[PDB]
Amino acid sequence: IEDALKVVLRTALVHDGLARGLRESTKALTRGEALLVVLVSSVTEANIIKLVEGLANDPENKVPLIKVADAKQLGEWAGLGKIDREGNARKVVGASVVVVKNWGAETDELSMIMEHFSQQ
Amino acid sequence: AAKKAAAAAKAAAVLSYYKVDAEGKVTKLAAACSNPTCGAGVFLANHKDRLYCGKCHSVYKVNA
Amino acid sequence: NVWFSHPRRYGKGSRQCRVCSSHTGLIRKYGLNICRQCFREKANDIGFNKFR
Amino acid sequence: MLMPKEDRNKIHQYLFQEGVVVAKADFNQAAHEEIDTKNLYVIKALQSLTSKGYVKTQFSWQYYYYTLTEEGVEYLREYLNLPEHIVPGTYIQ
Amino acid sequence: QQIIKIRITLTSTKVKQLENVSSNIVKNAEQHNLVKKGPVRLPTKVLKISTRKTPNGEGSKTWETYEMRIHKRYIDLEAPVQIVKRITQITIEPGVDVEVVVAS
RNA sequence: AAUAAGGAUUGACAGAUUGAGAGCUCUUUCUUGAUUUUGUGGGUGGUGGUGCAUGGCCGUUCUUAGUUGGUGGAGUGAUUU
């Protein structure tokens, strides 16, 4: 029970939905292209968690709801991601917010994100 | 004579040039280039008499 | 971009060899558009035996 | 070289696919035959792939002939996310 | 039974496949007995590309005259949509071009 | 790596300037918008050299009569007719 925030962020990276890291996410957040807010609350500010929290507090549709608390868990899951490794030879950076642009999949653990999303 | 050194690709390392409000609503400041490209975001930057837009390289002329 | 390519239609530099890609020596004579040292070379094959 | 994630993906695409590409030495072209990806593009991104041996160039007549590499076409199988059914023009009697 | 007055127009670089085809032509058509003429035989064009021999001014002034001599060659032939097609398909070959500039 | 969305930088009227309706410069201070600019690393512009670093071709001995080899056979052999 993160196993369902590896099979729906693996699929949107791979499809190139996403965006990654401020800038591309609240440009994604304010415009109706981009359906989720899953992020760091270990921000080293407080206006990036009431920025991304206001954009989920824009309400038509696209309900952005929060799940993880972290930037180095999230250089792996997202994937930027070196090769022949184990789980990090990679970036060691933080893709912090990964905003869902319709993804690139349909059903297996993407139907438990549309019973723990909204049933909270 | 003389070499340049290429312009710095420079570090506003964060952003927030968009009324961060207190508590629970974010909105959008300095217009948002009145074009479709220029879509919803595009945080207009302030130069000589006419304002300045980068989704289109930069361009655009809408006062302030 | 004016600021990488110029006004090259007519002259010598415009058209260039088929085989080697040189400007020097040209055989325009009959949709040929080669150079005028190579030609000969193959040619004897290509058509151009001889009869002299 | 610094390219584009809708031309980097597009090549390594009628490269696997037909499998086999035959893209002239005319730098200075909008556009290559069968790929919108100006010309000059290819030629140079393929000077890269060749260089590893996921591919194999042959020269002369002035076109750069390329043509697949039996395996290295199992790299394109993971890059443009696709089966592990097909072999690409490959098995076609 | 719709009749058509075809015209048969040939060209090659060998006088030996070519002559072969209005012997086969006008006797794979007098088998058919067709109303035709006899292999008309057109002025011999005949290109002489002067070129010097050397790779470099040097070196005497040391020249060539290679050329293709075609033998242009045409024909005739009536016959419907059926027995000009069974004739054009047959003569079938190395060295040679056949047009059927049709006369409906 | 540095300038650092607090503007890297771009552009221009017309007038000063010149051949000139090149904003080449400077006057103004609009526009400009992370694509640039600066050093560091390095490239690629080259009808600049070197034909004696060379490729390819073309001149010359050449509207030439001339090479070379087997098996014999000859003649340490450099070999020969």
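The deposited coordinates, according to the entry record, derive from cryo-EM at 3.70 Å resolution.

A. Examining the overall build of chain E more closely. Looking only at helices and strands, chain E features one helix and zero strands. By the compact-globule yardstick of 13 Å for 104 residues, chain E is too spread out, its C-alpha radius of gyration being 20 Å. Viewed in the frame of its principal axes, chain E has a C-alpha envelope of about 70 × 25 × 20 Å. The buried share among the 104 residues of chain E stands at 33%. On chain E, roughly 6900 Å² of surface is accessible, and the fraction owed to carbon and sulfur atoms is 55%. Between the centroid of the 18 positive side chains of chain E and the centroid of its 10 negative side chains there is a distance of 3 Å.

B. Broad picture of the pattern of salt bridges. All told, the structure shown has 13 salt bridges over all chains when counted by the stated rule. One salt bridge connects A:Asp16 with D:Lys5, and the closest N-O pair in it is separated by 2.8 Å. Judged by relative accessible area, which is 63%, D:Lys5 ranks as exposed. One salt-bridge network, held together by shared partners, links A:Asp16, A:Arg20 and D:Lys5.

C. Looking closely at the interface of chain C and chain E. Counting residues at the interface gives 13 residues for chain C and 12 residues for chain E. Of the roughly 1300 Å² buried between chain C and chain E on both sides combined, carbon and sulfur atoms contribute 61%. It is C:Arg40, C:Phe48 and C:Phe51 that lose the most area in chain C upon contact with chain E, and together they represent 41% of the buried surface on that side. At the surface where chain C touches chain E, the tally comes to two salt bridges.

What counts and how
Residues numbered from 1 in each chain as written, not as in the entry; some residues may be left out. Chains lettered and ligands numbered in written order. Part of a larger assembly, values for the part shown. Heavy atoms only, no water. Residues with missing side-chain atoms left out of burial classes, pairs and counts. Helix = DSSP H or I, 4+ residues; strand = E, 2+ residues; numbered from the N terminus. Rg over C-alpha atoms; globule rule 2.2 N^0.38 Å. Buried < 20%, exposed > 50% of the residue type's maximum accessible area, 1.4 Å probe, protein only. Areas by Shrake-Rupley, 256 points an atom, 1.4 Å probe, with all protein chains shown as cover. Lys, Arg positive; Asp, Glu negative; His and termini not counted. Charge placed at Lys NZ, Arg CZ, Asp CG, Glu CD. Salt bridge = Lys/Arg side-chain N within 4 Å of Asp/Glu carboxyl O. Contact = heavy atoms within 4.5 Å. Buried area = accessible area lost by both parts, 1.4 Å probe.

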